[PDB]
Amino acid sequence: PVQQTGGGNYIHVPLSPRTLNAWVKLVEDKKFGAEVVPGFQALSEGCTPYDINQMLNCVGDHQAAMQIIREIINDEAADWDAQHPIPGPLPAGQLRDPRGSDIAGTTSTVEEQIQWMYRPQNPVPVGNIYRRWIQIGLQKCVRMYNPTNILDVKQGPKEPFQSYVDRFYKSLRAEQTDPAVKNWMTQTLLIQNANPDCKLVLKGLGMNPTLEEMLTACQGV
Amino acid sequence: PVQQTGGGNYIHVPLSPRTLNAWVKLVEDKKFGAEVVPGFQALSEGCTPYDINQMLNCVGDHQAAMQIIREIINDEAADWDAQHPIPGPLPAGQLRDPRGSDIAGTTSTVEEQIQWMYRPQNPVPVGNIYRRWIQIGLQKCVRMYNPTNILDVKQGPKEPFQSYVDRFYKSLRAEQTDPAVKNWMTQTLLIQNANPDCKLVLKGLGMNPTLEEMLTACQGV
Amino acid sequence: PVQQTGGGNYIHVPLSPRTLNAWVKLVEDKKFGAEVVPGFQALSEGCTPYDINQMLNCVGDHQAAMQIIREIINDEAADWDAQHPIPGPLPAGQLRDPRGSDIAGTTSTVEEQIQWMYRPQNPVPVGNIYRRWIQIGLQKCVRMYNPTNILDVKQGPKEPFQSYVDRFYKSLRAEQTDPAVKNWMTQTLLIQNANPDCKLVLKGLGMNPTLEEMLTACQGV
């Protein structure tokens, strides 16, 4: 994070321990759930890569997926050298041009990143690009760890349909499939993977039903 | 949210972690009680849409209801477009009168959301309008989740009358009936749906009894 | 069918008796299967609606699916009536411009159908339009009749993967699903709903195996 100073200049201001601690608890309590990506972004909002790295480095308990997150980040950096035509050399006394690794933080400091994040001639984000690389790694972890998949989400006679619907959408959310497939899944697979009593009730509800009407209708099973 | 610096300038700020955390707990622990609507407003009071979405996108349980809220928001934006003239050809370089998904903030950036909130030409307060759309979705869920209903709420023979009242009013609230219906229900259905022993006493109090008088007299029956 | 003779003089002929019979048998035996849609066309190519109406009528055993086809023809004709309305008072020496019902062949005579089909001003092949309207009705029936759905198709333990994929694919076509959904099911639902022994053998293939490679690999499994 950075604090502006009189004259239009900026200085580094450290990230809060509570924010770092809150990130670790979200990772452990939710076990790399799908909600570990968005909460992280808010906790890491207006931050540089240097501070973001600390949070990721603070945890050593789960390093199987933090290692996967690392692979994707350097992959984006490897791709970054071509995505951005190499700028070439500039005179001495001027800031260096940012590369893939500078975005990751394996090499650069918070001040160089602060100067890049607040450069009047060529302002460049180094932490929005990096957090995105981390988030792409975080999402792969969610899908790899997801316990039961959408096709296997099913309702038992005892299970109330509502409960089965929450599990189905949570899994559908963990996956990032095309919306069209989701529509076929949310209108067909949902009625299909139900207890047969309420499935017949959903046939009574009609064709092209809505979630409010499906939930209101099977209120009792 | 929004932070205004000297000179009339406006900037975006992160949303505090505890506010996100408190919103998450209220949604899950209260199982979408009727206080998850106001609990959302206070925590989101004076914030930008970009940070709201996050709060709603940091919760992984009761996800089916979150899908209902998403649909309601889309519909409000549809009506907004119908009631807001597409300005059409506009001076290029003029902040675009925000459209439907520019109030929700999905198709727009936080800065222009802040710029519309205080736009000198025609400020569009994106924040209050979007929170209201979400609130309507939250309110539908409270009703759908509500376990029982006012008509079926009935004092147990051995159950005390006051407990029946706590159950009755909580539902006269969860079911958001018009105030006139509320007066009629409170003046009558709290006596009709009661057990006979206390009902006679409530009739003995006199016509238009008041709740203080009804609770005091039926105390210990 | 129709038959030009001299001076471009088109005339009417009888529809072959073994063509009416073949349509009946294709329908009675394939039970309105998917191939009924094209088999109909090959047996009705160049036939006017009148003769097509005789073929469909000769089938008297199945009359619920034929009604579904009939309900659809009425609609298509009502969209050709609204969008192509009565021209008005046609000048002397003109024939009423073809309407949707004339395309159906219920009102217009075979001669009038031929006059429009070869009309120098309105050469509208009434036959191919009615044939197209019928296909849609036949296709709804195929989807409505198909015995086993894709989610309900699962390989038998004593059955091969190739036999199961054939039952699975036949169904995908009867369901007539969107192409994006088709790819997901074909690359996934064909493995999830497979004998566990061959499912693991479809994992050693790699990622996105092709059907050519999926079968050869599970050959004897």
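Bear in mind that the values in this text are calculations on the coordinates, not laboratory data. Don't worry about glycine lacking a Cβ; one is built from the backbone with ideal geometry, like all the others, and counts go over all protein chains shown.
Structural remarks
- Under 5 Å, built H, 5+ apart or other chain: amide partners of residue B:10: B:5
- The reciprocal of the average 1/r between distinct C-alpha atoms defines the Kirkwood hydrodynamic radius, which for chain B equals 20.6 Å.
- Measuring spread by the Cα atoms of the protein assembly as shown yields a radius of gyration and Dmax of 34.0, 108 Å.
- C from B by rotation - nearest chain B beta carbon to the axis, in Å: B:82, 14
- In straight-distance terms, cross-link reach from residue B:203 covers every one of the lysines whose alpha-carbon lies under 18 Å from its own, apart from those fewer than eight places away in the same chain; here that gives B:154.
- Copies compared at residue A:191 - label distances in nm, ascending, label defined 7 Å from Cα in the Cβ direction: 2.9, 4.9
- Likely footprinting exposure, B:198, C:47, fewest C-beta neighbours within 10 Å first: B:198, C:47
- Within region C:64-190: Cβ-based charge dipole about Cα centre, in debye rounded to nearest 20 (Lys, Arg +1; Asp, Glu -1): 500 debye
- Amide H within-cut-off set for residue A:2, under 5 Å, with H built and near neighbours excluded: A:13
- Interatomic Cα distance distribution for region B:1-51, bins of 10 angstrom, percent: 24, 43, 22, 9, 1
- Inter-copy label distances for residue C:178: 0.8, 4.0 nm (label point placed 7 Å from Cα along Cα→Cβ; shortest first).
- Legend: P(r) of region B:53-144 from all alpha carbon pair distances, 10 Å bins from 0, whole percents, reading 15, 45, 27, 11, 2.
- Cross-linked pairs A:31/B:30; A:158/C:31; A:170/C:182: Cα-Cα separations exceed 28 Å for A:158/C:31.
- Spread of Cα-to-Cα distances over 5 Å intervals beginning at zero, given as percent, for region A:1-95: 3, 10, 16, 18, 16, 14, 11, 7, 4, 1, 0
- Put simply, the Cα atoms of region A:103-221 extend 66, 27, 22 Å along their principal axes, the longest span coming first.
- Cα centroid separation, region B:131-172 to region A:165-219 (Å): 27 Å
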